[PDB]
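First the structure, in the form of structure tokens, and then the observations on it.
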Amino acid sequence: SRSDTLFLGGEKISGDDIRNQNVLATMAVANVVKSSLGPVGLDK
Amino acid sequence: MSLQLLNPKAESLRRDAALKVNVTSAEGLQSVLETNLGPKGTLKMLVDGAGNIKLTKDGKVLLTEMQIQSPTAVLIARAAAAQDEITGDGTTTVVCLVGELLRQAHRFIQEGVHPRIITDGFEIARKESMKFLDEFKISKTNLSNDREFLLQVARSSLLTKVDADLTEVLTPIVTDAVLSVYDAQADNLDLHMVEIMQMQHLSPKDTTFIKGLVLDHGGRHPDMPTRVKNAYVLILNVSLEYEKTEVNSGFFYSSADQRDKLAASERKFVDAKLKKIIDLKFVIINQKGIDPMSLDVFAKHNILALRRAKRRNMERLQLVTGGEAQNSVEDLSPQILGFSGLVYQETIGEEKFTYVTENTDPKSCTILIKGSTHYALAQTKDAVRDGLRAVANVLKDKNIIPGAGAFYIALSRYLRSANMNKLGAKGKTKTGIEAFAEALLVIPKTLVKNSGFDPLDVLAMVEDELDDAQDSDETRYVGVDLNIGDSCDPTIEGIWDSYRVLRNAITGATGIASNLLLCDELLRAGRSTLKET
Amino acid sequence: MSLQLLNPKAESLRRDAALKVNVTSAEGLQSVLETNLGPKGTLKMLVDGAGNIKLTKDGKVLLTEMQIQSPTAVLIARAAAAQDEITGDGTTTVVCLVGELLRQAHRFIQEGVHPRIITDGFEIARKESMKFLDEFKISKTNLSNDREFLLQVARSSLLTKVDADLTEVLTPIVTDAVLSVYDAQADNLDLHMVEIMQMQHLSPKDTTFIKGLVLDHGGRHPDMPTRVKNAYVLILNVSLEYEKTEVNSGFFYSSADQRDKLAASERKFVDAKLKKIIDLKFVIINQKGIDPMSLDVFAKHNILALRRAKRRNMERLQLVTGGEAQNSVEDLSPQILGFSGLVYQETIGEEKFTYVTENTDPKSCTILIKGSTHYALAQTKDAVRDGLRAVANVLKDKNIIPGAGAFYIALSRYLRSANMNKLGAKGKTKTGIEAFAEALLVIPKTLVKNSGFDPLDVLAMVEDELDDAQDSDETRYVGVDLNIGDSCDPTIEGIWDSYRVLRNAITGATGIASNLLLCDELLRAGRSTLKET
Amino acid sequence: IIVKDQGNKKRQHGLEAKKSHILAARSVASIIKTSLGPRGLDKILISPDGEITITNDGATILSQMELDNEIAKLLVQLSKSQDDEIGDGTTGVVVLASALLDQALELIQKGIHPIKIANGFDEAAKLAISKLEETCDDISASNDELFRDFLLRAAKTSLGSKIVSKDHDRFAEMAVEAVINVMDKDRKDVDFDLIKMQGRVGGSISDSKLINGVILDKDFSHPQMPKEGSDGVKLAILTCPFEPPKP
Amino acid sequence: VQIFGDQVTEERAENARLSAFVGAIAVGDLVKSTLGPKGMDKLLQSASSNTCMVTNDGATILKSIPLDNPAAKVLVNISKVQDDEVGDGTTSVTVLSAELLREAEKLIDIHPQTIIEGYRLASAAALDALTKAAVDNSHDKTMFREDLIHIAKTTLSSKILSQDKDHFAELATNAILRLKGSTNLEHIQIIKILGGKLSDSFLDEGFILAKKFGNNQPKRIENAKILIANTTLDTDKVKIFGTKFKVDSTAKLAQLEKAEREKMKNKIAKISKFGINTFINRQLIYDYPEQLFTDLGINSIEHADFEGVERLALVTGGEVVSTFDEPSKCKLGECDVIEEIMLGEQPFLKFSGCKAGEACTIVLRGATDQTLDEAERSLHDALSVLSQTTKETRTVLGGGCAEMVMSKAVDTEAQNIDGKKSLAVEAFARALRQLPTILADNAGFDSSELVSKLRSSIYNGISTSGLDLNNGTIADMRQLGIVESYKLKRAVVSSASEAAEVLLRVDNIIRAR
Ligand SMILES: Nc1ncnc2c1ncn2[C@@H]1O[C@@H](COP(=O)(O)OP(=O)(O)O)[C@@H](O)[C@H]1O
Ligand SMILES: Nc1ncnc2c1ncn2[C@@H]1O[C@@H](COP(=O)(O)OP(=O)(O)O)[C@H](O)[C@H]1O
Ligand SMILES: Nc1ncnc2c1ncn2[C@@H]1O[C@H](COP(=O)(O)OP(=O)(O)O)[C@@H](O)[C@H]1O
Ligand SMILES: Nc1ncnc2c1ncn2[C@@H]1O[C@H](COP(=O)(O)OP(=O)(O)O)[C@H](O)[C@@H]1O
Ligand code: BEF
Ligand code: BEF
Ligand code: BEF
Ligand code: BEF
């Protein structure tokens with residue numbers, strides 16, 4: 001394990017996990033306001 | 001984070017650090033046992049977590065009765081016991097050399113001499129040293145059978161501590177004592193044939209040993225022989241209290257009060273066996289006690305009865321007054337006799353005590369050890385024990401050998417000689433050989449220097465130097481005289497030691513350092529929280 | 001309960017325990033600085049509580065930059081600095097001997113030799129040893145003035161660590177460098193005449209020193225001389241920013257906007273002083289900065305202006321281009337001149353840098369030290385610093401003396417000789433004398449054995465032995481060759497050391513052990529809760 | 001000659017305390033190995049302050065990622081060096097400091113002395129920095145001026161393999177042109193950048209453009225006050241205070 | 001989210017490799033300093049018993065280490081494995097692994113699951129050639145004994161007890177001889193007592209039971225005809241059990257006499273069996289030894305189960321069932337029976353000339369109470385090697401010969417494949433090549449220049465050779481008598497590149513607390 005640097009409070013995600021965490025983090029802010037647009041859309 | 005494991009709560013003292021933790025503690029057990037050697041030495045008071053006090057100079061005593069957490073230490077502590085078991089003395093000698101020798105080891109590493117190369121060294125020196133020890137000889141296997149000097153030699157062995165100063169009376173008391181149970185130790189019959197009773201009185205000087213076992217018993221009834229005159233005895237070990245057949249029997253009286261016949265039956269079934277003993281020939285002795293009734297039968301049939309004779313005693317009772325520890329008297333008396341000596345009973349120090357004034361075939365004996373404090377006697381028993389075991393085994397291996405450092409430097413001289421051929425064969429390993437000597441030399445210095453403070457004779461420098469200059473020549477001669485502070489021949493001086501002893505003092509040591517230098521690392525897995533506290 | 005005081009939180013490590021805590025740590029600082037001696041030695045990376053990294057082999061560095069709580073240790077750590085101040089090298093030598101010598105002390109106590117008797121011993125040996133060091137001589141006070149070998153000698157001094165491997169270029173660079181500021185150190189003018197600029201680039205090899213001070217300045221205006229050709233200069237230190245008379249003056253305009261005349265007055269009062277400088281003779285340099293206006297006047301009057309010349313630089317600027325650091329120009333120019341050399345400006349490593357291509361009377365100089373890591377240079381500065389101080393003082397005391405252990409065993413040989421007369425006068429004190437030698441011998445062993453691992457030449461045994469057998473004869477000859485692993489004469493080999501240095505390496509040491517053995521006890525009064533943590 | 005008797009090692013800590021950094025350092029130059037070459041990727045850096053950084057400059061990436069091991073720290077500076085010296089390969093040099101230290105590992109492991117490897121390596125260093133010419137004397141190229149076909153292609157490769165990969169055309173030439181002009185007709189020289197690049201957070205990569213003149217971060221006086229741009233202009237580097245005459 | 005519930009950690013790929021590869025070597029560096037007499041022993045302290053073990057045995061050295069890591073604990077299995085199957089070399093069975101996978105690690109810079117294909121196919125070529133170089137025979141008991149000693153020696157070396165190497169190598173080869181091939185090593189029990197010195201550890205052709213004769217009886221015996229009784233010398237009673245009630249008061253008048261008599265049938269049944277001494281599984285009542293002592297019959301109350309048979313299979317006298325049902329035809333033909341006089345308690349003896357063999361290799365070593373253990377487990381490491389040669393006549397030379405022949409052979413194949421799988425091969429060899437290299441570290445010879453030196457000689461000679469630890473000449477192992485059994489050095493090779501496989505396939509993991 002590791003040793004790498006540096007903990008604690010300092011971490012890093014690698015390849016897959018990030019490319020995912022990034023996409024999830026985007027669909028998050030996205031999917032919230034995905035209802036808004038369009039005349040059929042509502043307010044919040 | 002790493003883990004890096006290994007495991008938590010575990011630590012790897014590795015390599016040189018291992019070399020440290022290894023060596024760095026072995027000689028730790030030095031400053032602890034340094035005091036013990038040399039008649040001019042002093043003792044140590046040990047306390048514990050149970051609020052108790054021990055003030056004795058024995059090493060197995062100050063090493064077993066210690067708390068230590070460094071392997072090597074505990075390891076040498078372990079080597080301390082090895083001695084105390086197989087021989088009376090030399091436990092202290094085993095450590096001081098063990099350590100000092102190991103001290104000389106962590107030293108060759110200042111020169112960069114591989115440990116395996118020092119095992120190789122010490123190995124040659126070790127055997128090459130014991131060699132010359134063998135060469136000394138001087139055994140009194142043959143007449144003059146008296147070999148009184150050898151007995152004197154054990155006393156020389158026990159010199160120092162507390163007992164040695166008084167005498168010179170102990171060797172005579174031990175010597176004689178062993179001489180009775182001498183033939184006994186050869187047989188594989190332990191030293192337990194000699195019993196030691198603490199009835200403190202007067203001074204450790206007044207203490208003495210009476211011929212004819214003493215016992216703390218009776219005589220548990222007023223209408224009983226206070227003393228038995230010439231009367232014969234019987235050593236027995238049958239059941240007197242349970243009084244039950246060795247069967248699963250459950251008397252069930254289907255009638256009205258048929259027990260009145262059974263409760264009398266067994267109450268008489270003992271009278272039958274009781275009557276064979278009445279049958280011969282007088283006093284009775286038996287391990288298992290004798291209930292109020294049966295014992296009160298003898299009392300009226302003129303037979304002094306002695307109950308609760310500990311296993312040790314019944315065997316001991318067999319040893320003195322030559323008797324057979326036979327229970328069954330349904331055959332009596334084929335190969336079943338019990339000789340005896342007047343058995344007058346005498347109290348000592350306000351304590352009741354029956355001892356036999358007259359007896360035969362004394363292959364065992366009790367020895368009282370009066371004193372001044374319970375603490376004192378506890379330390380006399382050890383001193384008698386140590387010196388009493390020495391003499392014991394010496395009678396099993398007649399090989400004698402001069403004490404006082406003579407034996408040591410004789411080993412040291414003979415060593416350095418081959419050794420100073422040791423470099424040549426082959427070079428570096430030689431220093432290890434040469435070094436080995438330094439140990440056996442050093443123990444002698446510790447003996448006078450750091451331990452033989454007074455009389456004012458203590459110089460590490462001069463004394464040792466005197467022996468080497470004046471010791472190569474005296475081959476097994478020129479010992480030391482830590483009383484006057486001179487180099488005088490022990491042999492004319494009664495400084496005689498056991499071959500078995502001064503042999504093992506090295507065998508052990510040598511064997512110890514070897515496996516220790518083999519240490520590269522050492523690991524542990526914690527068991528108690530912390531506990532740095 | 002008792003109290004028994006004394007006081008709580010305080011402890012008395014007394015007597016032998018004091019003897020332990022005393023000795024038992026002095027050599028602690030051994031295993032720390034053991035690596036540094038010997039060209040085959042290695043460096044150490046030091047971290048701290050501020051999360052920083054130091055990887056340098058200097059001892060004052062690994063002793064000052066350490067955390068230690070055992071007096072003796074801190075004490076020797078203290079002795080480490082004494083050197084670094086008074087001389088460039090030998091701090092490491094001072095400790096290793098200091099410790100090792102003290103190690104030999106805790107040893108004579110195995111023989112029982114009073115400490116005062118060992119102070120007495122070491123005392124004789126100490127001076128008797130320095131004696132022979134004096135006897136070697138070999139100083140190049142007189143011509144051949146070149147004394148290039150002595151300069152070569154400092155390089156020999158700086159061998160090992162990181163810098164030594166590259167060259168052989170440093171001695172030439174330092175030698176020359178000192179030779180400029182040579183006459184300067186004799187005057188009491190410190191080494192600060194030589195400045196070292198870290199503009200890391202390439203490899204510690206490419207690093208070089210240019211004749212003619214370099215400076216990081218300007219040239220703070222576009223309409224300014226990028227380079228000054230042949231033009232003369234002026235070293236000054238007057239106020240340009242405050243622009244206030246040295247008086248308690250508070251201009252109070254009782255009128256309506258009379259300030260319009262005062263706020264122009266002082267705004268011109270500077271123009272007056274500004275005009276004397278315009279008056280001679282061209283470039284201006286001044287410690288105290290020059291505000292946007294005044295500095296922008298020079299720019300238009302064809303006078304390159306250089307502001308914020310650190311105190312060090314103004315003094316340095318005086319050293320190169322021989323100028324006078326004079327402010328007042330109301331008298332100019334009596335005893336006030338400022339010679340100069342072309343002052344082309346050139347950036348290095350992406351950093352602006354003005355240096356003078358041409359100049360005169362160079363009694364000072366800057367030397368750039370490129371490299372590979374900021375960590376690297378930090379350690380080159382120390383190496384240059386060490387070796388640069390050595391050469392510095394050597395030029396103050398011409399006394400040379402051969403390096404590589406020759407000087408050491410020469411002391412050791414000469415010592416053991418008087419010493420082996422030392423016992424005779426008078427006996428025990430002799431061993432102390434004899435022992436002293438063992439130290440100076442041992443430092444040499446540490447130098448190759450425990451430190452000169454490779455090339456594979458490291459034997460504690462053989463090497464030392466070679467010098468004593470082959471060193472008594474070579475009186476100051478036969479040093480060592482930790483490169484090939486042989487005993488070769490240093491003198492033909494350029495192994496030249498400073499007399500002042502290798503003298504103090506003992507003066508210190510000797511003076512250290514003395515006051516330490518005087519220690520009977522040592523006490524402390526806690527300051528922080530616990531803190532066992 | 002050598003035989004059985006000699007002669008142990010006084011301490012072993014030296015050995016392992018050397019195999020230590022060899023690792024701690026390796027790891028850094030290992031997890032950074034993904035951002036080399038056109039098919040390399042950048043990394044997000046959350047500052048201890050809070051700021052976010054996404055970049056391919058491994059000499060900035062290494063600095064951003066907090067490090068402990070003092071030696072690993074060393075690795076950082078040697079990456080930041082190549083930037084202050086050349087200005088490129090900030091990442092490649094690290095992946096080198098690895099391989100070397102990573103194989104000096106293999107060496108020590110086979111009874112090869114460290115110091116012998118130090119200069120032993122440094123020898124291959126001076127041979128490498130020399131071989132670089134015997135390969136460009138020569139067969140390839142060493143053009144310095146009068147030819148943009150290469151200077152641009154230097155940035156085209158250089159521009160290439162970064163976030164600006166797609167928009168480099170404009171970037172590549174621009175850089176070359178913005179540099180070659182500060183020393184043109186002046187000959188080759190060590191050159192420090194007086195070029196000023198200021199960025200407005202508004203737009204996409206391509207929006208950025210060279211200015212035929214000067215740009216300033218500070219805005220006008222705005223109606224403070226009354227602005228740009230005075231028709232034909234005549235500037236002034238006014239200095240000092242401008243308030244009511246105060247002493 | 002779920003999963004099953006954190007806290008659970010998960011390591012995958014790059015790091016999971018290092019942390020495993022580097023994770024194993026972590027064990028390997030410490031483990032290695034135990035090869036050839038220029039070898040080290042490590043201390044091992046156990047929390048509970050608070051007693052420490054000192055010896056050098058790869059199996060024990062690791063079996064006594066609490067280690068968190070799966071990849072490490074894994075190795076700790078390899079050791080504890082070979083120790084079982086083979087018996088010796090366990091110390092190194094990991095060494096070639098940690099190196100092997102450290103090789104694989106570097107090679108991994110390149111798919112892993114294929115690297116296993118090489119190490120299992122290429123180190124198979126090595127496994128093969130090593131059989132070729134093997135030297136069989138002879139099968140004459142005249143020659144055998146001289147080989148078995150050479151084996152026991154090469155194994156017994158480097159262990160605290162090496163000092164009198166012969167003394168032990170003899171101990172081993174003897175106990176192995178008795179019971180043809182191939183018999184379990186469970187009948188010959190290694191008993192140990194703390195007795196002054198080393199080398200007082202002889203081999204015994206009988207048994208050394210703890211128990212000491214009851215009462216004051218003789219300590220020796222002539223023409224011993226012992227008796228193997230089972231039932232205790234006490235009045236019997238059904239196991240189902242029953243109760244006897246004295247309904248009749250006169251019934252006890254006869255019951256009492258029934259007591260003394262119902263056991264007197266023990267004496268009559270003893271003399272009649274011609275037996276001279278006795279000993280029983282279950283205990284005997286004080287009402288018995290009494291009769292025994294007068295008669296001169298010897299009393300030996302209580303004996304352990306496995307000891308009841310040792311005393312039996314020593315004289316082949318059949319384990320008697322209940323007294324008086326014992327035929328004089330069944331008796332113990334013991335040569336002698338004595339009470340050795342150790343400090344404190346002294347064990348009894350059952351000497352046998354054949355014998356029989358139920359050897360008891362009792363070892364003393366008073367020097368250190370914790371050296372006996374340290375030693376009596378090395379005697380074993382000897383025993384189990386002196387047996388493998390009986391079961392497997394094949395033998396091979398050590399000192400680095402083993403690896404040398406492989407790495408040599410393997411070496412060529414790697415240069416032939418000119419395949420990526422092929423590089424795999426080359427490492428499989430360089431891993432072996434590592435073993436001798438490491439064997440040099442300890443002796444003191446430079447490794448690098450010592451293998452190359454050693455590899456040339458295999459070519460000039462092939463494959464006899466090796467690297468001398470101490471004696472000069474860098475002489476061939478067949479000359480210096482430095483050899484160990486061939487199948488052992490097989491299991492070692494295979495068994496390593498095995499864990500090298502499984503452990504090189506993991507890639508990713510999941511660990512909970
Ligand atoms: N056309 C190319 N194809 C593949 N790799 C290339 C190409 N051009 C450059 N590279 C690689 O990328 C470069 C190194 O860039 P570096 O400063 O180390 O980090 P980065 O790749 O992120 O710019 C080259 O020297 C080279 O090895
Ligand atoms: N006398 C020797 N000379 C050279 N190599 C030897 C010699 N003796 C043993 N070896 C090699 O090194 C040994 C290491 O000991 P090993 O059996 O693996 O574990 P342990 O020594 O702990 O019982 C090998 O078994 C062997 O091939
Ligand atoms: N070129 C050399 N070869 C061998 N030994 C040297 C050489 N140069 C110096 N020495 C000696 O080796 C030792 C260590 O170097 P030294 O000048 O003491 O550095 P420092 O004192 O700052 O650690 C000294 O005794 C020294 O004079
Ligand atoms: N009067 C004496 N003069 C000189 N040496 C003596 C004298 N008496 C005894 N010695 C010796 O001094 C040594 C040290 O005693 P020692 O055997 O160490 O006691 P222990 O082993 O129980 O600690 C010898 O073994 C021996 O007893
Ligand atoms: F220390 Be002794 F053996 F009593
Ligand atoms: F310690 Be020195 F400066 F090398
Ligand atoms: F590092 Be590359 F040039 F972006
Ligand atoms: F392999 Be050994 F016997 F420990």
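In the structure tokens, the first chain shown is A, the next is B, and so on; residue numbers restart at 1 for each chain, and ligands run from 1 in the order shown.
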
* Compute the set of protein, DNA and RNA residues whose minimum atom distance to ligand 6 is at most 7 Å, using only C-alpha atoms and all ligand atoms, and state it as JSON, numbers by chain. => {"C": [36, 37, 57, 58, 59, 89, 90, 91, 92, 158, 160, 161, 383, 386]}

* To do: Return as a PyMOL selection string the full set of residues in region 2-246 of chain D whose backbone-based DSSP assignment is strand (DSSP E or B).
  => chain D and resi 6+43-46+52-55

Which residues of chain D come within 8 Å of ligand 7, and for each one, what is the closest pair of atoms and their distance in Å to one decimal, counting only C-alpha atoms and all ligand atoms, sorted by chain and residue number, as CSV?
```
residue,atom,partner,partner_atom_place_in_ligand_line,distance
D:35,CA,ligand 7,1 (F),7.9
D:36,CA,ligand 7,1 (F),7.0
D:37,CA,ligand 7,2 (Be),7.5
D:56,CA,ligand 7,4 (F),5.6
D:57,CA,ligand 7,1 (F),5.3
D:58,CA,ligand 7,1 (F),6.7
D:88,CA,ligand 7,3 (F),5.4
D:89,CA,ligand 7,1 (F),5.3
D:90,CA,ligand 7,1 (F),6.0
D:91,CA,ligand 7,1 (F),5.9
D:92,CA,ligand 7,1 (F),7.6
D:158,CA,ligand 7,3 (F),5.5
D:159,CA,ligand 7,3 (F),7.3
D:160,CA,ligand 7,4 (F),7.8
D:161,CA,ligand 7,4 (F),6.1
D:162,CA,ligand 7,4 (F),5.5
```

Go ahead and save the residues from that selection, with N, CA and C atoms, as a short mmCIF file (atom, residue, chain, number, x, y, z; two decimals), in the first residue's frame.
```
data_model
loop_
_atom_site.label_atom_id
_atom_site.label_comp_id
_atom_site.auth_asym_id
_atom_site.auth_seq_id
_atom_site.Cartn_x
_atom_site.Cartn_y
_atom_site.Cartn_z
N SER D 35 0.84 11.02 -17.91
CA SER D 35 0.73 12.28 -18.62
C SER D 35 1.93 12.58 -19.51
N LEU D 36 2.50 11.53 -20.11
CA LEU D 36 3.60 11.69 -21.05
C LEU D 36 3.14 11.30 -22.45
N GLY D 37 3.44 12.15 -23.43
CA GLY D 37 3.06 11.88 -24.80
C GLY D 37 1.65 12.30 -25.12
N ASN D 56 -1.48 19.61 -17.43
CA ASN D 56 -0.60 18.56 -17.93
C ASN D 56 0.86 18.79 -17.53
N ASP D 57 1.14 19.97 -17.01
CA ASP D 57 2.48 20.34 -16.55
C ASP D 57 2.83 19.54 -15.29
N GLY D 58 3.50 18.41 -15.48
CA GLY D 58 3.82 17.53 -14.37
C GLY D 58 4.73 18.15 -13.33
N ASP D 88 10.63 22.69 -20.85
CA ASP D 88 9.84 21.55 -21.28
C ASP D 88 10.41 20.25 -20.70
N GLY D 89 9.66 19.17 -20.81
CA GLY D 89 10.11 17.88 -20.32
C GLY D 89 10.06 17.79 -18.81
N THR D 90 9.31 18.71 -18.21
CA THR D 90 9.15 18.75 -16.76
C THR D 90 8.68 17.41 -16.21
N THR D 91 8.02 16.64 -17.06
CA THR D 91 7.46 15.35 -16.67
C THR D 91 8.40 14.21 -17.01
N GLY D 92 8.98 14.27 -18.21
CA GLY D 92 9.86 13.23 -18.71
C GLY D 92 11.08 13.01 -17.84
N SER D 158 5.24 20.43 -29.53
CA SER D 158 5.14 21.00 -28.19
C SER D 158 3.73 21.45 -27.85
N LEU D 159 3.09 22.12 -28.80
CA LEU D 159 1.72 22.57 -28.62
C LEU D 159 0.88 21.32 -28.49
N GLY D 160 1.22 20.33 -29.32
CA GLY D 160 0.54 19.06 -29.33
C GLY D 160 0.79 18.29 -28.05
N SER D 161 -0.25 17.61 -27.60
CA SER D 161 -0.19 16.80 -26.38
C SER D 161 -0.48 17.64 -25.14
N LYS D 162 -1.41 18.58 -25.29
CA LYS D 162 -1.89 19.39 -24.18
C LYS D 162 -3.37 19.69 -24.41
#
```

* To do: Mind checking which residues fall within 10 Å of region 477-482 of chain C, counting only C-alpha atoms, ignoring those fewer than 6 positions away in the same chain, and posting them as number ranges by chain?
  => C: 38-40, 136, 401-410, 444, 447-449, 451-458, 463-464, 466-468, 470-471, 488-493, 495

* Skipping near chain neighbours, those fewer than 4 positions away, what residues fall within 12 Å of region 143-147 of chain C using only C-alpha atoms, listed as an NGL selection string? -> :C and (138-139 or 151-154 or 175-176 or 179 or 391 or 394-395 or 398-400 or 494 or 496)

* Name all residues at most 7 Å from residue 125 (chain C) (count only C-alpha atoms; drop same-chain ones fewer than 5 positions away) and give them as number ranges by chain. => C: 415, 419, 433, 436
